[PDB]
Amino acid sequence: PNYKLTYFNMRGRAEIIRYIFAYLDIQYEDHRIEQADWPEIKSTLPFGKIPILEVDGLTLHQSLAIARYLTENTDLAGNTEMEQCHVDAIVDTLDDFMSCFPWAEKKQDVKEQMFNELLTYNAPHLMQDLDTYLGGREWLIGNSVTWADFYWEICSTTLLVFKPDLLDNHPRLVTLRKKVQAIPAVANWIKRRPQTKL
């Protein structure tokens, strides 16, 4: 099975897919494009959005649909049917927040204002909600790591770029981040991946 992942040269929405490839030890082409190459790719796509993942000549889309597909019937999926639901819910909650950010906003002052508002007013409540949900458990869902723990680490890493103090009052969330970063395949990918701001 031949894999080609296309995205911008950044972690962004594609990183969850990259973590999953790493963990499952699957080789793939990590295709990263410039903004100036985007329009000619975009015009050929069914839905005009990245990331996309090509598998044996079939173009998949939607970052989380792809991540869910790649983890189905692996240990990164929930351990029960209910656990898979919890995984999906946490992932969407995180995605809902990250999606609020005006990432492609060209007017810098308007962009700054919004980032500031979401990070100062909204991000702290999500952290609180996540902290209580985790409680004293080892992973977000069940007794072993799921791709929701992956997604938490990935989202939180980007949020900490803009707001370094985000988890000062949430040591158990920091512990979860660190636990994720300690998984051998993930540590390895973290070590060797392209370093970009986002």
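Numbering starts at 1 and runs along the sequence shown.
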Per the record, averaged over C-alpha atoms, which has the higher B-factor: 88-96 or 112-120?
112-120
Is the mean CA B factor in the deposited entry higher across 148-156 or across 128-136?
128-136
Would the CA B-factor of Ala67 place it in the lowest, middle or highest third of its chain?
lowest
Within-chain third of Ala185 by Cα B-factor, per the entry:
highest
Comparing against every modelled residue in the chain, figure out the third that the C-alpha B-factor of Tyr28 lands in (lowest, middle or highest).
highest
Record-listed C-alpha B factor of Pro171: chain third:
highest
Compared with the other modelled residues in the chain, in which third is the CA B-factor of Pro39?
highest
